[PDB]
Amino acid sequence: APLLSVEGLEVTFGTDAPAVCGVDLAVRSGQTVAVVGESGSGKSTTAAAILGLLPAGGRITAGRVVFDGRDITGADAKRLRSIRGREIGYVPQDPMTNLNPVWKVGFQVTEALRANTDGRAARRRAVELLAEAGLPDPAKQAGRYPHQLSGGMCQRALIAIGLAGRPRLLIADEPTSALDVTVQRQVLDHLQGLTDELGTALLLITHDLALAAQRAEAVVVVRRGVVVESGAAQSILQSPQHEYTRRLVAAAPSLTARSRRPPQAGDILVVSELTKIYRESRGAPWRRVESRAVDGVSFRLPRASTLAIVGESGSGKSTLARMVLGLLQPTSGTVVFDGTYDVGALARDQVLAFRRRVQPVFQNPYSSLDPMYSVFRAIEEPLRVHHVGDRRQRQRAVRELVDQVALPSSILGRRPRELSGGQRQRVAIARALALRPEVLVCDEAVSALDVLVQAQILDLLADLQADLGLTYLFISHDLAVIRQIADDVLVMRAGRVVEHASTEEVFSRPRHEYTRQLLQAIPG
Amino acid sequence: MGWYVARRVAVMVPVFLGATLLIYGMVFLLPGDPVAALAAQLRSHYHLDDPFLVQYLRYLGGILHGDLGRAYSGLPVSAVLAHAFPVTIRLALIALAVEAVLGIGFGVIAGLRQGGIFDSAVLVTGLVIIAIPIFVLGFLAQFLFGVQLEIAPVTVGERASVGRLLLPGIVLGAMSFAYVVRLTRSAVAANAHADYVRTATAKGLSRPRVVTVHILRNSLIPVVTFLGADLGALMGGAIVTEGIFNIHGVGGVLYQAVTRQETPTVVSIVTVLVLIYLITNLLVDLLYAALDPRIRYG
Amino acid sequence: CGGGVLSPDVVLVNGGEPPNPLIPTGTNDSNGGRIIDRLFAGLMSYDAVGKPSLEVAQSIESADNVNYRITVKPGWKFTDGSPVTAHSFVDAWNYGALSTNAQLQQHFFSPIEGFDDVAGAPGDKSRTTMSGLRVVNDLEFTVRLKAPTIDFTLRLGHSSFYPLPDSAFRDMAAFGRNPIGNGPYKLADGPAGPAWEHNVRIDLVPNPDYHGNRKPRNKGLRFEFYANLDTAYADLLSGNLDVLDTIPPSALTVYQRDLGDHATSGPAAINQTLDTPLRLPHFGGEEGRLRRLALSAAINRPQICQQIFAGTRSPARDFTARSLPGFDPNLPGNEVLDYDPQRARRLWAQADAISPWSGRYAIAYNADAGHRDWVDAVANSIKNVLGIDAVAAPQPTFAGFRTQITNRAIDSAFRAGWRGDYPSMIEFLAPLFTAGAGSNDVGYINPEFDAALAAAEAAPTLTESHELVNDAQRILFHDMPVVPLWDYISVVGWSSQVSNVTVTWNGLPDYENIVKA
Amino acid sequence: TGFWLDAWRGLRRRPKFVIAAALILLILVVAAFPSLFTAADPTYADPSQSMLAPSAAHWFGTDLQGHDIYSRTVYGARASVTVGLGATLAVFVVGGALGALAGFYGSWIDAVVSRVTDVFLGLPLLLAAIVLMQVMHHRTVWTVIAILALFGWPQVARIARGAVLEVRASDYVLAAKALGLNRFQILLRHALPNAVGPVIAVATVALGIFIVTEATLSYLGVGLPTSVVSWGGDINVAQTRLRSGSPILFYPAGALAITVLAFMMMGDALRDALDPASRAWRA
Amino acid sequence: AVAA
């Protein structure tokens with residue numbers, strides 16, 4: 001008799017088509033199970049259907065959920081309180097918006113264990129909970145507001161909230177998606193060691209497949225609502241059966257990072273000792289603080305090649321992306337292209353003759369490409385600020401670029417609303433190479449995409465170079481998707497270069513600490 | 001919080017120094033000569049110190065040292081205001097105990113039970129109460145209650161206890177009761193679907209606790225801010241409300257000064273109401289900063 | 001939870017702001033008269049019907065009605081300590097009848113011998129005092145008249161023959177701001193503020209020294225200056241007012257059930273007129289008399305006094321009121337006060353044959369007494385009948401509507417009226433139409449009429465003094481200085497907490513008789 | 001591509017918008033062409049017919065002086081609609097331009113304009129209007145329009161600045177400046193179409209409030225002169241017959257209430273369409 | 001006097 005025996009299920013959202021269409025899973029009352037699935041596949045909705053937190057339109061229309069014999073598919077709002085906190089726990093996804101921003105975190109943790117009445121012994125246990133969940137200084141960190149903690153501490157506190165009543169089953173609804181890998185490993189290694197001595201079961205809901213196989217014990221794969229394959233973990237990665245699992249394991253960067261990666265003097269970009277110095281007026285208006293976002297970086301970028309810049313948040317890799325494009329003023333550096341960038345050329349005459357040979361590609365597809373346009377008027381724009389002939393030229397070109405980024409060529413009146421981001425990024429790529437530049441600056445252009453959509457954009461940029469002879473400056477936040485494309489790696493920490501060498505002297509023999517833990521932090 | 005008020009008052013200072021300029025400008029610059037637009041008062045007052053700046057300086061010094069001017073009844077404005085403030089204060093306590101009790105008690109229900117007949121009805125009634133102007137609503141209420149179904153007095157008239165000051169209060173509060181019922185409803189209905197609410201209800205504690213410590217605590221801040229900022233329209237409505245009910249408050253004094261065309265005693269009262277409004281704006285911002293820690297540390 | 005500090009024993013009455021300081025010989029309006037008559041006490045007192053009785057004087061004797069001898073009751077006092085004697089009367093009259101001081105009630109001292117050489121030009125004949133007022137001893141004094149006047153003893157109770165304290169003849173500019181009388185009431189010396197709050201209110205308290213004919217039965221009055229009679233009536237119904245003098249015309253068809261045995265209605269000695277100065281464009285000479293005989297024949301008085309006043313007015317039949325003795329409603333030549341558009345359009349043409357017309361015709365009134373209805377009705381009637389454009393012009397206060405008229409600073413037609421002082425017809429005609437009267441606002445000058453009235457003011461008996469007034473009105477019917485409209489029917493109303501309200505012959509309540517508690 | 005087409009289609013099936021648009025069209029036609037409905041002079045007063053019941057010769061009756069209320073309530077609509085529209089048409093331009101400038105060009109403009117709108121927000125609309133129309137001895141329509149516009153802008157400017165500086169965060173203006181476009185052409189082409197939303201949503205409500213405040217100003221005696229017919233000044237003289245028992249009061253008041261309610265509910269619908277998100281704190 |  002398992003501790004969770006869901007079989008048959010359907011969750012319709014307001015007389016629309018169903019989101020879940022027949023899922024069936026079971027937790028063996030002490031084991032670890034993963035609910036691997038692509039985005040929008042109804043993998044998290046399922047969780048929200050087990051607890052009862054179906055948002056504002058949901059309703060179970062088939063099957064039944066049975067937690068340890070007693071059926072609970074009937075959400076008896078009064079009976080659910082004997083099960084909601086003390087027998088089934090829930091760890092949310094977003095760390096910033098899952099805490100009331102007007103209550104100290106200590107109050108929110110001491111109100112989550114309060115079944116017995118006391119004021120002093122409960123504020124002396126909501127601190128021990130935060131101390132055992134793992135937290136630098138649980139004395140004063142429990143006296144701050146949810147907006148003064150930093151990313152990983154909010155999640156380390158959400159875990160303590162979730163494990164307050166000693167549940168028999170935890171539901172970790174994608175707990176470490178929005179965290180950088182360095183703490184995305186520590187938080188998971190601590191959770192899987194905390195729920196290992198309490199006997200608690202665990203139900204990961206991830207979007208990776210090589211992560212679950214490292215953590216979980218039984219993996220279940222979901223597509224569009226239906227379970228596709230489910231078996232032992234260490235036999236679902238090395239011997240898949242369903243074609244979906246095949247194209248899901250052959251598109252993970254954790255395999256292909258061990259490939260052959262088949263491939264005029266060069267040295268176009270030459271950076272030397274860039275520096276940016278930010279001052280903040282926090283507190284008194286005359287006690288300004290000193291902070292270096294970018295501190296003495298220097299490199300040289302050879303033509304017809306690639307160079308990836310990595311580093312977690314607060315590494316100034318996004319500020320360095322602006323100082324190169326000319327969208328931000330440096331302090332003590334030069335980024336001279338050949339004779340460009342303020343020395344002889346980019347003074348008043350090459351302020352436009354430079355924009356037509358260096359163009360950026362931004363991070364999320366939904367911000368760029370303003371709503372009140374069409375796919376045509378968005379690609380035609382960089383030909384309208386410069387000058388090219390009208391309908392003969394300006395129409396023939398746009399419907400030829402569309403064919404290079406492999407778009408149906410019938411999406412020329414669609415506003416960016418009905419575009420299903422992932423092919424909305426193929427429009428930001430086509431707009432970039434409209435004037436045939438020779439440098440692209442991909443500022444995490446592919447970080448915010450699905451697992452299968454991301455594998456195609458990297459495979460599209462890699463052959464959009466072998467023909468045009470482009471020259472990329474890729475900017476990522478993890479060593480995972482590099483081995484495929486990049487030929488040279490630069491690592492940054494706290495805004496200062498750490499190691500710089502080829503992508504083989506870094507993926508097989510690194511000579512630094514902080515870049516040797518970025519290797520042992522990928523799900524491999 | 002300590003370094004927030006030091007920036008709030010420093011921002012208030014130019015607003016005061018600039019709002020006094022507009023009043024003195026509308027006093028001094030007019031089509032030809034305000035001395036004829038507003039005789040021994042032309043040499044003693046306005047001693048013809050043509051360097052406008054120093055005249056403004058002396059004017060501000062007089063305003064500071066308790067000297068406001070002279071009312072149309074021969075008494076200094078200080079005396080008439082100190083004699084007529086208690087009545088308008090007791091009138092403004094009503095219409096603020098109405099718009100904050102009934103308004104909030106209806107908005108909370110219409111938000112928690114949104115999409116229903118009650119919600120539709122309260123929204124369509126709030127949208128109607130704003131349409132009706134203040135003066136016609138006041139006179140209709142006065143007729144229907146005082147004259148026809150004799151319950152309330154027709155006019156208060158210098159005997160103003162909370163007993164017979166209850167109909168003018170309701171009339172003055174029904175306007176802006178249709179705002180504190182359409183704002184709190186839209187706040188609650190959108191705050192009851194947040195993420196921290198789901199995380200708080202997914203850890204045991206019962207429904208009353210959720211509603212009172214996670215929804216209302218977070219959604220009652222804009223309501224308080226709007227109640228603080230509504231004083232500017234409450235002042236304007238008090239004039240028309242104390243005109244037809246014959247109440248001897250600041251509104252009634254200003255109504256008489258407007259009716260009898262006594263121009264030197266309207267500016268002397270409005271230059272006090274403006275300062276009071278600025279003070280209450282600052283004192284409401286100092287509470288909005290204490291109820292939300294994201295601006296306190298911002 | 002709150003309220004007021006005044007005792008529930010003061011009798012609240014309505015009133016209005018005096019346009020002039022509180023000096024007896026300087027006021028010519030009822031808004032100030034209804035307070036001066038409370039404050040002071042003259043040689044004779046008028047009861048409700050209007051018959052004079054000896055108030056301060058001990059005897060007023062004569063032998064041939066040209067030589068008068070007046071004595072004074074010993075033992076009177078102003079509310080300051082200083083006695084009342086013959087000097088307080090003689091000096092006050094001499095100050096009132098001086099040309100330099102420019103008083104409004106100066107002409108009233110015309111019958112007295114030695115008036116020409118005291119009032120008039122300040123050159124070629126200069127004596128500061130009249131030669132008719134002589135003081136025999138501290139108490140009695142003698143008075144000489146030019147010609148034997150019939151109604152001299154009757155007018156001695158007027159508010160212009162009041163005594164003034166000695167300390168008034170040293171600074172008459174502060175007296176008008178704080179009078180010190182000797183009558184039934186006195187200005188309540190306010191420890192918590194002033195007694196008189198301009199444009200707000202004024203309250204009086206009884207005078208413990210008064211032993212006369214009008215001893216007050218209440219315990220103080222408070223006149224409240226209202227901004228409109230609608231609010232006045234709402235306050236009367238709500239219990240915030242004790243006596244409402246004039247019911248607004250918008251409540252004349254409901255008052256019978258609203259008040260319900262707390263009202264009364266009867267004739268009064270008041271009238272209403274429409275005036276236009278003789279100093280306007282197109283309104284002087286002959287065109288300007290035709291242009292007034294035209295305005296007089298284009299107003300439907302019977303329709304106005306029926307559709308607006310619910311029947312509580314009387315269309316005018318002459319230049320006086322209807323409740324006065326000797327009044328005649330059938331004078332020859334009266335058929336110039338009738339509605340006739342076919343004639344109103346002949347006179348306008350007879351005037352345009354002298355000078356064409358161009359401009360607007362504005363009728364100015366004070367909005368704090370309920371004149372908008374009949375003023376707009378008159379304006380629409382004139383417009384419809386003549387073709388010209390006439391409009392109404394409201395002003396917020398009587399005290400501020402009269403100060404524009406008094407110093408000739410108005411440039412449009414205006415409403416006006418007259419509330420009688422003593423029941424005599426000549427009193428409705430002389431102060432408005434003599435040569436240099438104080439209340440002669442239009443600018444009328446007719447020596448023929450002046451002499452025809454001065455020959456009526458000397459008739460032997462009393463019935464032969466009315467025929468001559470009716471003959472003198474035959475000149476006003478031919479000149480038409482002002483346009484008379486109607487005569488009043490005064491309606492007053494009191495509340496429950498008052499028990500002895502009664503009205504006089506001229507529509508004012510009988511203060512000093514109102515018993516409240 | 002004509003964005004507003006899909007918004008039209010989305011709000012075209014909403015009865016709250018449909019009835020509002022119908023009422024607004026009717027009000028605008030009554031205000032534009034009065035002589036199509038009436039045939040008599042508003043100012044002609046025949047005193048021989050003073051208080052008549054509504055009959056076949058007067059659809060609304062006849063007030064004390066003799067006028068018929070139909071024409072007096074049509075031409076009042078003309079005047080009130082004119083005054084209300086002429087002021088919001090200028091408040092829109094001025095406040096929107098100032099809020100767009102201060103809110104897209106950063107500081108050294110934002111500081112000055114924020115201090116100015118803070119100064120102008122410290123004094124209400126009715127109080128300032130009364131004070132300034134007091135010493136305005138010669139008053140007419142354009143003066144009331146100017147005095148209403150002088151004090152009605154700050155809220156519109158605040159909303160416009162808030163809506164523009166939020167747009168400046170989304171990085172399509174960044175992609176526009178990354179290919180060469182001086183900040184003014186960026187301002188126009190991208191920031192104006194994507195930020196002229198809530199500004200209209202609040203301009204409609206401001207128009208309604210302007211109508212209301214002009215009516216209540218003309219009721220207090222200081223407003224439109226007596227030479228023009230208007231609700232307020234008509235209500236002010238019709239309110240005195242109610243005690244005697246004549247419901248003349250309700251035709252001008254009813255017309256005014258319908259006119260204001262139309263614009264109020266139209267503004268609510270337009271808010272629901274163009275910007276339903278900022279409905280949790282402004283209101 | 002003159003009526004009010």
# chains A, B, ... in the order shown; residues from 1 in each chain; ligands from 1
>>> closest_atom_pairs(of="chain C", to="chain E", cutoff="7 Å", atoms="only C-alpha atoms", output="JSON lines")
{"residue": "C:28", "atom": "CA", "partner": "E:1", "partner_atom": "CA", "distance": 5.3}
{"residue": "C:29", "atom": "CA", "partner": "E:1", "partner_atom": "CA", "distance": 4.6}
{"residue": "C:30", "atom": "CA", "partner": "E:1", "partner_atom": "CA", "distance": 5.2}
{"residue": "C:31", "atom": "CA", "partner": "E:4", "partner_atom": "CA", "distance": 6.3}
{"residue": "C:398", "atom": "CA", "partner": "E:4", "partner_atom": "CA", "distance": 6.9}
{"residue": "C:417", "atom": "CA", "partner": "E:3", "partner_atom": "CA", "distance": 5.2}
{"residue": "C:418", "atom": "CA", "partner": "E:2", "partner_atom": "CA", "distance": 4.2}
{"residue": "C:419", "atom": "CA", "partner": "E:1", "partner_atom": "CA", "distance": 5.2}
{"residue": "C:420", "atom": "CA", "partner": "E:1", "partner_atom": "CA", "distance": 6.4}
{"residue": "C:421", "atom": "CA", "partner": "E:1", "partner_atom": "CA", "distance": 6.7}
>>> write_last_selection(atoms="N, CA and C atoms", output="PDB file, in the first residue's frame")
ATOM      1  N   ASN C  28     -31.683 106.188   7.155  1.00  0.00           N
ATOM      2  CA  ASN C  28     -32.939 106.324   6.428  1.00  0.00           C
ATOM      3  C   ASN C  28     -33.440 104.981   5.912  1.00  0.00           C
ATOM      4  N   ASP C  29     -33.156 103.896   6.629  1.00  0.00           N
ATOM      5  CA  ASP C  29     -33.574 102.565   6.221  1.00  0.00           C
ATOM      6  C   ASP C  29     -34.180 101.828   7.405  1.00  0.00           C
ATOM      7  N   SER C  30     -35.040 100.855   7.093  1.00  0.00           N
ATOM      8  CA  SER C  30     -35.695 100.087   8.145  1.00  0.00           C
ATOM      9  C   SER C  30     -34.735  99.115   8.814  1.00  0.00           C
ATOM     10  N   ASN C  31     -33.742  98.617   8.072  1.00  0.00           N
ATOM     11  CA  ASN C  31     -32.755  97.710   8.642  1.00  0.00           C
ATOM     12  C   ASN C  31     -31.989  98.336   9.798  1.00  0.00           C
ATOM     13  N   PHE C 398     -28.372  94.240   0.910  1.00  0.00           N
ATOM     14  CA  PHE C 398     -29.017  95.546   0.994  1.00  0.00           C
ATOM     15  C   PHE C 398     -28.022  96.618   1.416  1.00  0.00           C
ATOM     16  N   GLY C 417     -38.513 101.045  -2.301  1.00  0.00           N
ATOM     17  CA  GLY C 417     -39.750 100.970  -1.547  1.00  0.00           C
ATOM     18  C   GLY C 417     -39.774 102.038  -0.480  1.00  0.00           C
ATOM     19  N   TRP C 418     -40.775 101.938   0.390  1.00  0.00           N
ATOM     20  CA  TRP C 418     -40.906 102.873   1.499  1.00  0.00           C
ATOM     21  C   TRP C 418     -41.834 102.275   2.541  1.00  0.00           C
ATOM     22  N   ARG C 419     -41.363 102.213   3.781  1.00  0.00           N
ATOM     23  CA  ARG C 419     -42.135 101.708   4.907  1.00  0.00           C
ATOM     24  C   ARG C 419     -42.449 102.879   5.824  1.00  0.00           C
ATOM     25  N   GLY C 420     -43.735 103.141   6.034  1.00  0.00           N
ATOM     26  CA  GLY C 420     -44.141 104.358   6.709  1.00  0.00           C
ATOM     27  C   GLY C 420     -43.588 104.466   8.116  1.00  0.00           C
ATOM     28  N   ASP C 421     -43.489 105.710   8.579  1.00  0.00           N
ATOM     29  CA  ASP C 421     -43.010 106.030   9.917  1.00  0.00           C
ATOM     30  C   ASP C 421     -44.133 106.441  10.854  1.00  0.00           C
TER      31      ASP C 421
END
>>> residues_around(residues="residue 120 of chain C", least_positions_apart="4", cutoff="9 Å", atoms="only C-alpha atoms", output="list in words")
residues 98, 99, 100, 115 and 116 of chain C
>>> residues_around(residues="residue 424 of chain A", least_positions_apart="5", cutoff="8 Å", atoms="only C-alpha atoms", output="ChimeraX atom specification")
/A:365-366,416,419
>>> atom_distance(atom1="atom CA of residue 194 of chain C", atom2="atom CA of residue 18 of chain C")
16.3 Å
>>> closest_residue(among="A:355, A:287, A:147, A:79", to="chain B", atoms="only C-alpha atoms")
A:147
>>> interface_residues(of="chain D", to="chain B", cutoff="9 Å", atoms="only C-alpha atoms", output="PyMOL selection string")
chain D and resi 115-116+118-120+122-128+130-132+134-137+208+212-213+215-216+219-222+235+239+242-243+253-254+256-262+264-265+279-283
>>> interface_residues(of="chain C", to="chain D", cutoff="8 Å", atoms="only C-alpha atoms", output="PDB file with C-alpha atoms, in the first residue's frame")
ATOM      1  CA  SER C 250     -41.933  80.691  -2.561  1.00  0.00           C
ATOM      2  CA  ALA C 251     -43.793  79.576   0.590  1.00  0.00           C
ATOM      3  CA  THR C 253     -49.205  78.607  -0.669  1.00  0.00           C
ATOM      4  CA  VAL C 254     -47.961  76.166   1.989  1.00  0.00           C
ATOM      5  CA  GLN C 307     -49.263  84.388 -10.047  1.00  0.00           C
ATOM      6  CA  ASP C 373     -39.354  86.324  -9.069  1.00  0.00           C
ATOM      7  CA  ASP C 376     -37.721  88.760 -13.630  1.00  0.00           C
ATOM      8  CA  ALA C 377     -41.467  88.890 -14.291  1.00  0.00           C
ATOM      9  CA  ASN C 380     -39.911  89.750 -19.220  1.00  0.00           C
ATOM     10  CA  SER C 381     -43.105  91.798 -19.446  1.00  0.00           C
TER      11      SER C 381
END
>>> atom_distance(atom1="atom CA of residue 83 of chain B", atom2="atom CA of residue 178 of chain C")
23.7 Å
>>> select_by_dssp(residues="segment 30-85 of chain C", states="alpha helix (DSSP H)", output="PyMOL selection string")
chain C and resi 30-39
>>> residues_around(residues="segment 33-39 of chain D", least_positions_apart="6", cutoff="12 Å", atoms="only C-alpha atoms", output="PDB file with C-alpha atoms, in the first residue's frame")
ATOM      1  CA  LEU D  26     -26.873  61.092 -28.477  1.00  0.00           C
ATOM      2  CA  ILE D  27     -25.462  63.696 -26.078  1.00  0.00           C
ATOM      3  CA  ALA D  57     -47.697  71.511 -26.751  1.00  0.00           C
ATOM      4  CA  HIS D  58     -44.857  71.234 -24.203  1.00  0.00           C
ATOM      5  CA  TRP D  59     -43.293  67.820 -23.677  1.00  0.00           C
ATOM      6  CA  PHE D  60     -41.727  68.833 -20.345  1.00  0.00           C
ATOM      7  CA  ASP D  68     -40.732  75.758 -21.670  1.00  0.00           C
ATOM      8  CA  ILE D  69     -38.304  73.341 -20.070  1.00  0.00           C
ATOM      9  CA  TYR D  70     -37.522  71.348 -23.227  1.00  0.00           C
ATOM     10  CA  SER D  71     -35.490  74.071 -24.945  1.00  0.00           C
ATOM     11  CA  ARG D  72     -34.010  75.202 -21.633  1.00  0.00           C
ATOM     12  CA  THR D  73     -32.713  71.668 -21.017  1.00  0.00           C
ATOM     13  CA  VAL D  74     -31.416  71.212 -24.574  1.00  0.00           C
ATOM     14  CA  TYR D  75     -29.369  74.399 -24.836  1.00  0.00           C
ATOM     15  CA  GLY D  76     -28.039  73.842 -21.331  1.00  0.00           C
ATOM     16  CA  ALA D  77     -26.719  70.521 -22.608  1.00  0.00           C
ATOM     17  CA  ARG D  78     -25.004  72.425 -25.404  1.00  0.00           C
ATOM     18  CA  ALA D  79     -23.258  74.811 -23.008  1.00  0.00           C
TER      19      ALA D  79
END
>>> interface_residues(of="chain A", to="chain D", cutoff="10 Å", atoms="only C-alpha atoms", output="PyMOL selection string")
chain A and resi 322+325-327+351-377+381-383+385-386+413-415+428+431-432
>>> interface_residues(of="chain A", to="chain B", cutoff="10 Å", atoms="only C-alpha atoms", output="PyMOL selection string")
chain A and resi 51-56+77-78+80-94+96-103+108+111-115+145-148+158+161-165+282-285
>>> interface_residues(of="chain C", to="chain B", cutoff="12 Å", atoms="only C-alpha atoms", output="ChimeraX atom specification")
/C:1-6,8,17,177,192-202,224-228,230-241,254,258,366-368,394-401
>>> select_by_dssp(residues="segment 159-346 of chain C", states="strand (DSSP E)", output="JSON, numbers by chain")
{"C": [185, 186, 187, 196, 197, 201, 202, 203, 204, 205, 206, 221, 222, 223, 224, 225, 243, 244, 263, 264, 265, 266, 267, 268, 269, 270, 271, 272, 273, 274, 275, 313, 314, 315]}
>>> residues_around(residues="segment 312-319 of chain C", least_positions_apart="4", cutoff="8 Å", atoms="only C-alpha atoms", output="MDAnalysis selection string")
chainID C and resid 301:302 305:306 329:330 334 337 428:429 473 484:490
>>> write_last_selection(atoms="N, CA, C and O atoms", output="tab-separated table (two decimals), in the first residue's frame")
chain	number	residue	atom	x	y	z
C	301	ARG	N	-49.69	94.28	-13.42
C	301	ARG	CA	-49.72	94.17	-11.97
C	301	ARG	C	-50.75	93.16	-11.47
C	301	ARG	O	-50.43	92.38	-10.56
C	302	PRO	N	-51.99	93.14	-11.97
C	302	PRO	CA	-52.94	92.14	-11.47
C	302	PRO	C	-52.50	90.72	-11.74
C	302	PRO	O	-52.86	89.82	-10.97
C	305	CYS	N	-49.36	90.05	-9.17
C	305	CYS	CA	-49.85	89.97	-7.80
C	305	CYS	C	-50.81	88.84	-7.59
C	305	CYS	O	-51.46	88.78	-6.54
C	306	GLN	N	-50.94	87.97	-8.56
C	306	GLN	CA	-51.78	86.78	-8.48
C	306	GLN	C	-51.00	85.51	-8.78
C	306	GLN	O	-51.26	84.48	-8.16
C	329	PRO	N	-59.05	105.75	-3.62
C	329	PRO	CA	-58.71	104.86	-4.75
C	329	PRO	C	-59.30	105.27	-6.09
C	329	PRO	O	-59.23	104.47	-7.03
C	330	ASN	N	-59.89	106.46	-6.22
C	330	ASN	CA	-60.58	106.86	-7.44
C	330	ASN	C	-60.19	108.27	-7.85
C	330	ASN	O	-61.03	109.12	-8.14
C	334	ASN	N	-55.99	108.56	-12.90
C	334	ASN	CA	-55.36	107.33	-12.42
C	334	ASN	C	-55.14	106.33	-13.54
C	334	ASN	O	-54.25	105.47	-13.43
C	337	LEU	N	-51.89	104.05	-14.60
C	337	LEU	CA	-51.30	102.90	-13.93
C	337	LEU	C	-51.91	101.58	-14.40
C	337	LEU	O	-51.72	100.56	-13.74
C	428	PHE	N	-45.33	109.89	3.06
C	428	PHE	CA	-45.00	109.03	1.94
C	428	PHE	C	-44.60	109.82	0.70
C	428	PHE	O	-44.11	109.22	-0.26
C	429	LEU	N	-44.81	111.13	0.69
C	429	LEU	CA	-44.59	111.95	-0.49
C	429	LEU	C	-43.44	112.93	-0.35
C	429	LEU	O	-42.66	113.08	-1.29
C	473	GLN	N	-51.15	115.07	-5.83
C	473	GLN	CA	-50.80	113.85	-6.56
C	473	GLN	C	-51.15	113.93	-8.04
C	473	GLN	O	-50.64	113.13	-8.83
C	484	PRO	N	-44.91	103.24	-9.54
C	484	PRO	CA	-45.44	102.46	-8.41
C	484	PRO	C	-46.01	101.13	-8.88
C	484	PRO	O	-46.61	101.04	-9.96
C	485	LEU	N	-45.81	100.09	-8.08
C	485	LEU	CA	-46.20	98.74	-8.48
C	485	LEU	C	-47.33	98.18	-7.62
C	485	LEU	O	-48.37	97.80	-8.16
C	486	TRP	N	-47.16	98.11	-6.31
C	486	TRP	CA	-48.17	97.48	-5.47
C	486	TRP	C	-47.95	97.84	-4.01
C	486	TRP	O	-46.91	98.38	-3.63
C	487	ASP	N	-48.95	97.52	-3.20
C	487	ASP	CA	-48.95	97.72	-1.76
C	487	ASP	C	-48.95	96.36	-1.07
C	487	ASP	O	-49.48	95.38	-1.61
C	488	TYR	N	-48.41	96.33	0.14
C	488	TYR	CA	-48.11	95.09	0.83
C	488	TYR	C	-49.29	94.57	1.63
C	488	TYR	O	-50.21	95.31	2.00
C	489	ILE	N	-49.25	93.27	1.90
C	489	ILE	CA	-50.12	92.60	2.86
C	489	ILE	C	-49.19	91.76	3.72
C	489	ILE	O	-48.78	90.66	3.32
C	490	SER	N	-48.84	92.26	4.90
C	490	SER	CA	-47.75	91.69	5.67
C	490	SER	C	-48.17	90.37	6.32
C	490	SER	O	-49.20	90.30	6.99
>>> atom_distance(atom1="atom CA of residue 171 of chain A", atom2="atom CA of residue 244 of chain A")
25.3 Å
